[PDB]
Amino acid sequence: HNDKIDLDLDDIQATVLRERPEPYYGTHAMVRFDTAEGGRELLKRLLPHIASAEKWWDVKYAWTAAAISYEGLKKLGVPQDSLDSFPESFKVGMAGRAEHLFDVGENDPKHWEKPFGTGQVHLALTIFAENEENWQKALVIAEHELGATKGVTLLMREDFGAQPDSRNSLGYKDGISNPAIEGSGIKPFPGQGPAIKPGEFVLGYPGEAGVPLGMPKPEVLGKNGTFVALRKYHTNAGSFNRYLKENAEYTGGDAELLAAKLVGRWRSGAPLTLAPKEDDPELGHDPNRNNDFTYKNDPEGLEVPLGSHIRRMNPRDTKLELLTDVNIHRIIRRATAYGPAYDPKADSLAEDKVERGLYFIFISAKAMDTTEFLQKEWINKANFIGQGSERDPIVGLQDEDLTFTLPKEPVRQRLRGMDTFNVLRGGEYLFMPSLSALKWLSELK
């Protein structure tokens, strides 16, 4: 490590601190506890296989993450006093909080894929791996322990990764910008700072306001845990490709530059702030360069539009309406693309029905609050950036009359006619407990 360690890394789950591998392979599995006894036995069987964040900066070929819903803790027999100490948003669950998320219309929970939104997801298991061999080793273990456990049911399994050049379902490099955590042991990459106080991401530690956020009780249940918003999206890549072709007239006929303007980065990962006129793939793949900007040199969005995805999600130095503290609205993202590789040349309606997309694991000590805030305030409206009702082009709920403001000299351009290019298929609010908490849960009576 190269910075003072303040976190109990040996007790925090690996996924809280470990970056997604590149390349990456893995599996998401949703599990229901049919009995309390089955859920506890499953956790006991899995605990030796759930790695901590010890030396999270080092190479690790695979790890297995575990996160538990409100209905899963209830079913395990967590006492009512403990259940009551969780946030109300978590207890209600993601679908129940649809109004706070603007999960309406195409994203309404009524239309979600089973098992999401029904209370049946109790445990989400995620295997992350850097190579196929170690992915399969961890998968064999997890499936063996699941099969061996009476009283649990595998609801759904979906494999992810294996994408060409690790690109996501719209062909973008991702996993680039995540918060640095003061006390993790590792100094920020250039532009990744400022390091955020640890309590914003790990319960039991002081946050930006100097005190620990509210946490579950007793201490062995809440300390060194965190919250997760898990969201699965389907990607409509045919409609996205057709949109780029039909609106590239607004970016000199260059469809890849329009792709860069909508997200804020070229698909290579190069941010427009550091590559405003042509792509720079080498820069895009280099973590010591690809995040080293703050928008101070782009107050008007002539490089990165103020309503582009990344500038919405992390405004950095942008002048917003109302002096907002961005440090308390950060989120750790583990993004996992799934399904057939993105095809940049496929623009048919049938291409939209290819089963590809992304899962996100959004991690924070207040993941419910921050996911709701981002969804309601920075994705599905634009008051903070002074562009009215415009919604995020990549994950906002679109209709054809909503616009995307593309700053240009001498006059701005407003594109329109977007679809919702990434549609929510389901999600859950989950608790990612410490290793000590997992042991405690498995030993409830």
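In this text, residue numbers run from 1 along the sequence as written.
- Averaged over CA atoms, B-factors in the entry run higher in 324 to 332 than in the other of 324 to 332 and 228 to 236.
- The PDB entry records a higher mean C-alpha B factor for 250 to 258 than for its counterpart among 201 to 209 and 250 to 258.
- The PDB entry assigns its highest CA temperature factor, among 182, 84, 159, 372, to 84.
- For the set 357, 105, 117, 147, the PDB entry puts the maximum C-alpha B factor at 147.
- For residue 416, the recorded CA B-factor ranks within the highest third of the chain. Only modelled residues enter the ranking.
- Ranked against the other modelled residues of its chain, the C-alpha B-factor of residue 122 as given in the entry falls in the lowest third.
- In the PDB entry, residue 221 places in the middle third of its chain by CA B-factor.
- In this PDB entry, the Cα temperature factor of residue 364 sits in the bottom third of its chain's modelled residues, the lowest group.
- Annotation for residue 72: CA B-factor lies in the lowest third of the chain's modelled residues.
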